[PDB]
Visitor: 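Just dropping this structure here.
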Amino acid sequence: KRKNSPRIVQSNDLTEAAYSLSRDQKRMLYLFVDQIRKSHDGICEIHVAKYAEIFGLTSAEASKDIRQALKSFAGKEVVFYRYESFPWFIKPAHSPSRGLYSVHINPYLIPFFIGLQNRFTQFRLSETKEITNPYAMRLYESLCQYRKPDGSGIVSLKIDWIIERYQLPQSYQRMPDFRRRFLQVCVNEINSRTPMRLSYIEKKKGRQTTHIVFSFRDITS
DNA sequence: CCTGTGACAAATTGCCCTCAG
DNA sequence: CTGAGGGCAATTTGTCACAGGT
Ligand SMILES: [Mg+2]
Ligand SMILES: [Mg+2]
Ligand code: NA
(Lines give C-alpha, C1' and ligand atoms only; values in the text may rest on other atoms or scores of the structure.)
(Ligands and ions follow the chains in the order given, each with its own letter.)
Protein backbone atom coordinates (compact mmCIF):
# COMPACT_ATOMS: atom_id res chain seq x y z
CA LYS A 1 0.00 0.00 0.00
CA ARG A 2 0.93 3.68 -0.13
CA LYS A 3 -1.86 4.79 2.22
CA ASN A 4 0.65 4.99 5.11
CA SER A 5 2.83 7.73 3.60
CA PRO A 6 1.76 11.30 4.49
CA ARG A 7 -0.82 12.57 2.01
CA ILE A 8 0.67 15.75 0.56
CA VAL A 9 -2.14 18.03 -0.60
CA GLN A 10 -1.33 21.40 -2.17
CA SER A 11 -3.20 24.07 -4.08
CA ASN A 12 -2.83 23.95 -7.84
CA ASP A 13 -1.65 27.54 -7.44
CA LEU A 14 1.50 26.06 -5.89
CA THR A 15 1.76 23.19 -8.38
CA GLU A 16 1.78 25.88 -11.10
CA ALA A 17 3.78 28.54 -9.27
CA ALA A 18 7.03 29.84 -10.74
CA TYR A 19 10.08 29.25 -8.58
CA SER A 20 13.48 27.56 -8.35
CA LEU A 21 13.98 25.23 -5.39
CA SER A 22 16.48 22.45 -5.00
CA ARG A 23 15.30 18.90 -4.35
CA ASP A 24 16.13 19.32 -0.67
CA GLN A 25 14.19 22.58 -0.43
CA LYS A 26 11.16 20.97 -2.09
CA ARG A 27 11.37 17.98 0.25
CA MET A 28 11.14 20.35 3.20
CA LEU A 29 8.52 22.44 1.44
CA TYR A 30 6.31 19.35 1.32
CA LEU A 31 6.63 18.99 5.10
CA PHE A 32 5.96 22.71 5.59
CA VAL A 33 2.80 22.63 3.49
CA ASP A 34 1.77 19.50 5.36
CA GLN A 35 2.25 21.27 8.71
CA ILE A 36 0.41 24.39 7.54
CA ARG A 37 -2.30 22.18 5.98
CA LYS A 38 -2.94 20.63 9.43
CA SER A 39 -4.00 23.78 11.30
CA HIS A 40 -1.59 29.76 11.35
CA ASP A 41 1.45 32.07 11.46
CA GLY A 42 3.73 30.24 9.04
CA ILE A 43 6.07 28.93 11.75
CA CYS A 44 7.04 25.34 10.93
CA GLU A 45 9.58 22.90 12.36
CA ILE A 46 11.92 20.28 10.90
CA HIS A 47 13.45 17.53 13.03
CA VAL A 48 16.72 16.13 11.67
CA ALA A 49 15.87 12.65 12.92
CA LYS A 50 12.44 12.44 11.33
CA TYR A 51 13.73 13.98 8.08
CA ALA A 52 16.43 11.30 7.96
CA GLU A 53 13.85 8.56 8.61
CA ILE A 54 11.46 9.89 5.94
CA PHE A 55 14.04 10.30 3.19
CA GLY A 56 16.41 7.42 3.99
CA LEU A 57 19.31 9.57 5.18
CA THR A 58 21.89 9.36 7.93
CA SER A 59 21.51 11.93 10.68
CA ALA A 60 24.61 13.76 9.45
CA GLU A 61 23.46 14.00 5.84
CA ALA A 62 19.97 15.03 6.87
CA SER A 63 21.45 17.72 9.10
CA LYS A 64 23.61 18.77 6.16
CA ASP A 65 20.75 18.71 3.65
CA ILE A 66 18.53 20.77 5.96
CA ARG A 67 21.10 23.35 7.00
CA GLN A 68 22.29 24.03 3.45
CA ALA A 69 18.75 24.13 2.00
CA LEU A 70 17.51 26.45 4.74
CA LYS A 71 20.32 28.89 4.01
CA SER A 72 19.58 28.70 0.28
CA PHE A 73 15.98 29.91 0.65
CA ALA A 74 17.18 33.48 1.15
CA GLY A 75 16.58 35.75 -1.81
CA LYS A 76 14.26 33.09 -3.32
CA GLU A 77 10.77 34.27 -4.29
CA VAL A 78 7.76 32.37 -5.59
CA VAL A 79 5.49 33.92 -8.21
CA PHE A 80 1.82 32.88 -8.38
CA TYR A 81 -0.39 33.32 -11.42
CA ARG A 82 -4.06 32.89 -12.39
CA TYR A 83 1.50 38.10 -11.27
CA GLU A 84 2.33 38.05 -7.51
CA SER A 85 5.76 37.50 -5.96
CA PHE A 86 6.49 36.59 -2.32
CA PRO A 87 9.66 35.66 -0.42
CA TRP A 88 9.43 32.11 0.92
CA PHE A 89 10.87 33.03 4.33
CA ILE A 90 10.56 36.31 6.21
CA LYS A 91 13.13 35.37 8.91
CA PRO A 92 16.26 33.20 8.81
CA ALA A 93 15.64 29.75 10.16
CA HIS A 94 17.24 28.96 13.51
CA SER A 95 17.84 25.86 15.60
CA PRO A 96 16.49 26.34 19.15
CA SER A 97 17.82 22.95 20.22
CA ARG A 98 19.92 20.16 18.79
CA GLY A 99 18.24 18.53 15.80
CA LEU A 100 15.34 21.01 15.54
CA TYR A 101 14.96 23.87 13.05
CA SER A 102 12.28 26.58 13.30
CA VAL A 103 11.28 28.27 10.04
CA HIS A 104 9.17 31.35 9.35
CA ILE A 105 7.12 30.81 6.19
CA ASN A 106 5.72 34.05 4.83
CA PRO A 107 2.22 34.00 6.35
CA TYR A 108 0.90 35.61 3.16
CA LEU A 109 1.77 32.34 1.38
CA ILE A 110 -0.67 30.34 3.54
CA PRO A 111 -3.74 30.80 1.26
CA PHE A 112 -1.66 29.93 -1.78
CA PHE A 113 -0.62 26.68 -0.10
CA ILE A 114 -4.20 25.82 0.86
CA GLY A 115 -6.02 27.07 -2.21
CA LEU A 116 -9.57 26.88 -3.46
CA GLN A 117 -12.30 24.27 -2.88
CA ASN A 118 -11.45 21.55 -5.44
CA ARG A 119 -8.38 22.96 -7.23
CA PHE A 120 -5.64 20.97 -5.51
CA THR A 121 -2.89 18.44 -6.22
CA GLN A 122 -2.43 15.37 -4.03
CA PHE A 123 0.19 12.63 -3.80
CA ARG A 124 1.58 10.39 -1.10
CA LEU A 125 4.99 11.68 -0.03
CA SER A 126 6.41 8.24 -0.83
CA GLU A 127 5.70 8.95 -4.49
CA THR A 128 8.12 11.88 -4.61
CA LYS A 129 10.73 11.08 -1.99
CA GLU A 130 12.99 9.01 -4.29
CA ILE A 131 12.90 11.52 -7.15
CA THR A 132 16.23 13.34 -7.37
CA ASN A 133 15.94 16.07 -10.05
CA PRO A 134 13.78 18.91 -8.68
CA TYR A 135 12.37 19.45 -12.21
CA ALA A 136 11.16 15.86 -12.21
CA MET A 137 9.45 16.66 -8.93
CA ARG A 138 7.80 19.67 -10.59
CA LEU A 139 6.70 17.49 -13.51
CA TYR A 140 5.38 14.81 -11.17
CA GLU A 141 3.28 17.33 -9.27
CA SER A 142 1.83 18.83 -12.44
CA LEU A 143 0.95 15.32 -13.64
CA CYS A 144 -0.66 14.62 -10.30
CA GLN A 145 -2.77 17.74 -10.69
CA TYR A 146 -4.48 15.98 -13.62
CA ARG A 147 -4.53 12.49 -12.13
CA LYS A 148 -7.89 10.73 -11.89
CA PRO A 149 -8.91 8.63 -8.87
CA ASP A 150 -7.75 5.55 -10.82
CA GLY A 151 -4.22 6.96 -11.03
CA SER A 152 -4.46 7.71 -14.76
CA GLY A 153 -4.45 10.97 -16.66
CA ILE A 154 -3.60 12.93 -19.78
CA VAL A 155 -2.50 16.55 -20.03
CA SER A 156 -0.94 18.83 -22.64
CA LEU A 157 1.74 21.10 -21.13
CA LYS A 158 2.93 24.02 -23.21
CA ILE A 159 6.70 24.24 -23.33
CA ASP A 160 6.97 27.98 -22.79
CA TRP A 161 4.83 27.45 -19.69
CA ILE A 162 7.03 24.59 -18.44
CA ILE A 163 10.10 26.75 -18.93
CA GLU A 164 8.50 29.74 -17.21
CA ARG A 165 6.98 27.97 -14.21
CA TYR A 166 9.60 25.30 -13.56
CA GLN A 167 12.18 28.07 -14.25
CA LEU A 168 14.24 25.74 -16.39
CA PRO A 169 17.78 26.94 -17.15
CA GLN A 170 18.16 29.11 -20.23
CA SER A 171 19.95 26.53 -22.35
CA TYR A 172 16.71 24.47 -22.35
CA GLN A 173 15.16 27.06 -24.64
CA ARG A 174 17.12 25.10 -27.25
CA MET A 175 14.75 22.28 -27.79
CA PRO A 176 17.40 19.50 -28.22
CA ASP A 177 18.81 20.39 -24.80
CA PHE A 178 15.30 20.53 -23.36
CA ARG A 179 14.71 17.00 -24.66
CA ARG A 180 17.93 15.50 -23.40
CA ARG A 181 18.60 17.18 -20.05
CA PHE A 182 15.01 17.89 -18.88
CA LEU A 183 12.30 15.88 -20.63
CA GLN A 184 13.86 12.46 -21.14
CA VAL A 185 15.59 12.73 -17.76
CA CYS A 186 12.48 13.62 -15.78
CA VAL A 187 10.25 11.09 -17.52
CA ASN A 188 12.88 8.43 -16.86
CA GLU A 189 12.95 9.34 -13.19
CA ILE A 190 9.18 9.22 -12.85
CA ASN A 191 9.06 5.82 -14.51
CA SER A 192 11.99 4.60 -12.44
CA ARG A 193 11.08 6.12 -9.09
CA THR A 194 7.29 6.55 -8.75
CA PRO A 195 4.19 4.38 -9.07
CA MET A 196 3.26 6.35 -12.22
CA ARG A 197 4.07 4.98 -15.68
CA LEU A 198 4.49 7.91 -18.05
CA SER A 199 4.73 8.43 -21.79
CA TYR A 200 4.57 11.53 -23.95
CA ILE A 201 4.29 12.82 -27.48
CA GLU A 202 5.56 16.10 -28.89
CA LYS A 203 3.15 18.56 -30.53
CA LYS A 204 4.53 20.45 -33.56
CA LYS A 205 3.54 23.76 -35.08
CA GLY A 206 5.52 24.07 -38.27
CA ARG A 207 9.18 23.56 -37.43
CA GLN A 208 8.73 24.13 -33.69
CA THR A 209 7.68 21.80 -30.91
CA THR A 210 5.16 23.66 -28.80
CA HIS A 211 3.65 21.24 -26.24
CA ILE A 212 4.40 17.96 -24.56
CA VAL A 213 1.35 15.77 -24.19
CA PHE A 214 1.67 13.45 -21.20
CA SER A 215 -0.36 10.33 -20.62
CA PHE A 216 0.12 8.15 -17.57
CA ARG A 217 -1.31 5.23 -15.61
CA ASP A 218 -0.55 3.75 -12.21
CA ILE A 219 1.62 0.63 -11.99
CA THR A 220 -1.19 -0.83 -9.85
CA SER A 221 -3.31 -1.41 -13.01
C1' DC B 1 15.37 27.52 -38.91
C1' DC B 2 15.42 22.69 -37.09
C1' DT B 3 17.74 18.12 -35.09
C1' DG B 4 21.22 15.03 -32.03
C1' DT B 5 25.73 14.45 -29.89
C1' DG B 6 30.43 15.28 -28.10
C1' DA B 7 32.92 18.02 -24.96
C1' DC B 8 33.48 20.63 -20.99
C1' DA B 9 32.02 23.11 -16.71
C1' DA B 10 29.26 23.56 -12.74
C1' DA B 11 26.28 21.50 -9.58
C1' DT B 12 24.76 17.75 -6.92
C1' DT B 13 24.97 13.10 -5.28
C1' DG B 14 25.64 9.56 -1.34
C1' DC B 15 29.65 8.72 1.34
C1' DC B 16 33.32 9.43 4.64
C1' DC B 17 35.44 11.17 8.86
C1' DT B 18 35.72 14.03 13.14
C1' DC B 19 34.15 15.64 17.26
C1' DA B 20 31.06 18.29 20.86
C1' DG B 21 27.84 17.12 24.38
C1' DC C 1 24.71 7.97 20.74
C1' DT C 2 23.04 12.23 17.49
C1' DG C 3 24.02 15.72 14.58
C1' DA C 4 26.92 19.86 13.34
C1' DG C 5 30.93 20.13 11.00
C1' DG C 6 34.38 19.68 7.01
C1' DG C 7 35.62 16.89 3.16
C1' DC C 8 35.49 13.60 -1.26
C1' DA C 9 34.93 11.24 -6.11
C1' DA C 10 31.59 10.01 -9.11
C1' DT C 11 27.52 11.37 -11.47
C1' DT C 12 24.21 14.49 -13.30
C1' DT C 13 22.94 18.96 -14.91
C1' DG C 14 23.80 22.96 -17.62
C1' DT C 15 26.20 24.88 -21.78
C1' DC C 16 27.66 25.27 -26.38
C1' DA C 17 30.25 23.98 -31.00
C1' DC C 18 29.65 21.45 -34.50
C1' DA C 19 27.39 18.60 -38.20
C1' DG C 20 23.61 17.84 -40.83
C1' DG C 21 18.24 18.02 -42.45
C1' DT C 22 17.80 11.87 -40.25
MG1 LIG D 1 2.72 27.93 14.36
MG1 LIG E 1 22.80 15.77 0.58
NA1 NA F 1 24.79 14.21 -9.12
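Just so you know, these numbers use all the heavy atoms, side chains as well, and skip hydrogens, waters and symmetry mates. Letters A, B, ... mirror the listed sequences (proteins, then strands); counts begin at 1.
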Visitor: Out of C:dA4, B:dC1, C:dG14, which has the shortest distance to the side chain of A:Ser63?
Guide: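 Closest of the options to the side chain of A:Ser63: C:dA4.
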Visitor: Closest approach to the side chain of A:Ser59, judged atom by atom: which nucleotide of C:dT2, C:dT15, C:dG21 is it?
Guide: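 Nearest to the side chain of A:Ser59 among the choices is C:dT2.
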Visitor: Step through the shown structure and confirm whether more than 12 heavy atoms of other residues, nucleotides or ligands are within 6.0 Å of OH on A:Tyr108.
Guide: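 No, the 6.0 Å shell around OH holds no more than 12 heavy atoms from other groups.
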Visitor: Is the base of C:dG6 touched by the side chain of A:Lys64 through a donor-acceptor pair closer than 3.5 angstrom?
Guide: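 Result: at least one qualifying N/O pair found.
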Visitor: Any base atoms under 4.0 Å from A:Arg174, or only sugar-phosphate, or nothing? Heavy atoms, all strands.
Guide: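 Base: the residue A:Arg174, judged by heavy atoms under 4.0 Å, touches a nucleobase.
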Visitor: Using a 4.0 Å heavy-atom cut-off, does A:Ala49 contact any base of the nucleic acid, only the sugar-phosphate backbone, or nothing at all?
Guide: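 The residue A:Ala49 makes sugar-phosphate contact but no base contact.
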Visitor: Nearest to the side chain of A:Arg181 - B:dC8, B:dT13, C:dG21?
Guide: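 Closest nucleotide among those given: B:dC8.
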Visitor: Which sits closer to the 5' end of DNA chain B, A:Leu57 or A:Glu202, going by the nucleotide each is nearest to?
Guide: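 Looking at the nearest nucleotide for each, A:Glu202 comes out on the 5' side.
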Visitor: Contact class for A:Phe178 (heavy atom, under 4.0 Å): base, sugar-phosphate, or nothing?
Guide: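 Here A:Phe178 touches no strand at all.
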Visitor: Which whole-number value in Å describes the distance from A:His47 NE2 to C:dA4 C1'?
Guide: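 It is 16 Å, rounded to the nearest whole Å.
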Visitor: Starting at the 5' end of DNA chain B, which residue's closest nucleotide do you reach first, A:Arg98 or A:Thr58?
Guide: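 Result of the comparison: A:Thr58.
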Visitor: Tell me whether the OP1 or OP2 atom of C:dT12 has a side-chain N or O from A:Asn133 closer than 4.0 Å.
Guide: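 For C:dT12, OP1/OP2 do not have a side-chain N/O of A:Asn133 under 4.0 Å.
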Visitor: I need the NE2-P distance between A:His94 and C:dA4, as an integer number of Å.
Guide: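 Atom NE2 in A:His94 sits about 14 Å away from atom P in C:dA4.
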Visitor: Taking only side-chain N and O atoms of A:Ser171, does any of them lie within less than 4.0 angstrom of OP1 or OP2 on C:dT15?
Guide: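 True: A:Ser171 side-chain N/O within range (under 4.0 Å) of C:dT15 OP1/OP2.
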Visitor: Sugar of B:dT13: specify north or south by the sign of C1'-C2'-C3'-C4'.
Guide: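 That sugar belongs to the north family, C3'-endo side.
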Visitor: Establish, for the pair A:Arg181 and A:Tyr172, whether the NZ or CZ atom is under 6.0 angstrom from the six-membered ring centre and no further than 45 degrees off its axis.
Guide: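 Not flagged: A:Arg181 not positioned over aromatic ring of A:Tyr172.
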Visitor: Describe the nucleic acid contact of A:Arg180 in one word from base, sugar-phosphate, nothing, applying a heavy-atom distance below 4.0 Å.
Guide: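 If one applies the 4.0 Å heavy-atom cut-off, A:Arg180 turns out to touch a base.
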Visitor: With heavy atoms under 4.0 Å as the rule, sort A:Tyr172 into base, sugar-phosphate or nothing.
Guide: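 Counting heavy atoms under 4.0 Å across all strands, the contact made by A:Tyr172 includes a base.
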Visitor: Determine the contact category for A:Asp177: base if any of its heavy atoms lies under 4.0 Å from a base atom, sugar-phosphate if only primed atoms, P, OP1 or OP2 are that close, otherwise nothing.
Guide: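 Base contact.
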Visitor: Would you mind telling me which of A:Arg2, A:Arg124, A:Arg197, A:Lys148 makes a salt bridge (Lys or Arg N to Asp or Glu O under 4.0 Å) with A:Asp218?
Guide: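 It is A:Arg2; the other options fail the test.
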Visitor: In whole angstrom, what separates A:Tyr135's OH from B:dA11's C1'?
Guide: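 After rounding, the reported distance stands at 11 Å.
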Visitor: Is there a side-chain contact between A:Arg23 and the phosphate of B:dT12, meaning an N or O under 4.0 Å from OP1 or OP2?
Guide: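 Answer is no, no contact under 4.0 Å.
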Visitor: Tell me if the side-chain of A:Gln208 makes a donor-acceptor pair with the base of B:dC1, cut-off 3.5 Å, by modelled atom types.
Guide: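 It does not, because no donor-acceptor pair links the side chain of A:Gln208 to the base of B:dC1 below 3.5 Å.
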Visitor: Determine whether the aromatic ring centres of A:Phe80 and A:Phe112 lie less than 6.0 Å apart.
Guide: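 Yes, close enough.
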Visitor: Taking any heavy-atom pair under 4.0 Å as a contact, classify A:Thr132: base, sugar-phosphate, or nothing.
Guide: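 The answer is sugar-phosphate, as A:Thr132 gets under 4.0 Å only of primed atoms, P, OP1 or OP2.
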Visitor: Round to the nearest Å and state the distance from A:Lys50 atom NZ to C:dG3 atom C1'.
Guide: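 Value for this atom pair: 18 Å.
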Visitor: Assign A:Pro169 to base, sugar-phosphate, or nothing according to its heavy-atom contacts below 4.0 angstrom with the strands shown.
Guide: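 Counting heavy atoms under 4.0 Å across all strands, the contact made by A:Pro169 is with sugar-phosphate only.
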Visitor: Indicate yes or no for a side-chain donor-acceptor contact from A:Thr128 to the backbone of A:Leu125 under 3.5 Å, with no hydrogens or angles considered.
Guide: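 Flag set: sc A:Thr128 to bb A:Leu125 pair under 3.5 Å.
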Visitor: Of the nucleotides B:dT13, B:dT3, C:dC16, which has the atom closest to the A:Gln170 side chain?
Guide: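 Ranking B:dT13, B:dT3, C:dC16 by closest atom to the A:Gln170 side chain puts C:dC16 first.
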Visitor: Can you check the A:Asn188 CG to C:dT12 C1' distance for me, whole Å?
Guide: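 Atom-to-atom, A:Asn188 to C:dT12, this comes out as 13 Å.
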Visitor: If only side-chain N and O atoms of A:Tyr101 are considered, is one of them under 4.0 Å from the OP1 or OP2 phosphate oxygen of C:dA4?
Guide: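 Checking C:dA4 against A:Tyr101, a side-chain N or O does come within under 4.0 Å of OP1 or OP2.
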Visitor: Quick check on C:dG5: is either OP1 or OP2 less than 4.0 Å from any side-chain nitrogen or oxygen of A:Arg67?
Guide: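 Indeed, a polar side-chain atom of A:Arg67 lies that close.
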Visitor: Taking the basic N atoms (NZ, or NE/NH1/NH2) and the acidic carboxylate oxygens, is any pair closer than 4.0 Å for A:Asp34 and A:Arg37?
Guide: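 No, A:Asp34 and A:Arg37 are not salt-bridged.
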Visitor: Read from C1'-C2'-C3'-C4', is the pucker at B:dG6 north or south?
Guide: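 Pucker of B:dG6: south.
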Visitor: Would you check if the distance from the ring center of A:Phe89 to the ring center of A:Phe73 is below 6.0 Å?
Guide: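 Yes: the rings meet the under 6.0 Å criterion.
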Visitor: Let's see if you can work this out: which of B:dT13, C:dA4, C:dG21 has an atom nearest to the side-chain heavy atoms of A:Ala60?
Guide: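 Within the option list, the nearest is C:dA4.
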Visitor: So what's C:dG7 doing, north or south, if we go by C1'-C2'-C3'-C4' (plus is north, minus is south)?
Guide: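 That sugar belongs to the north family, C3'-endo side.
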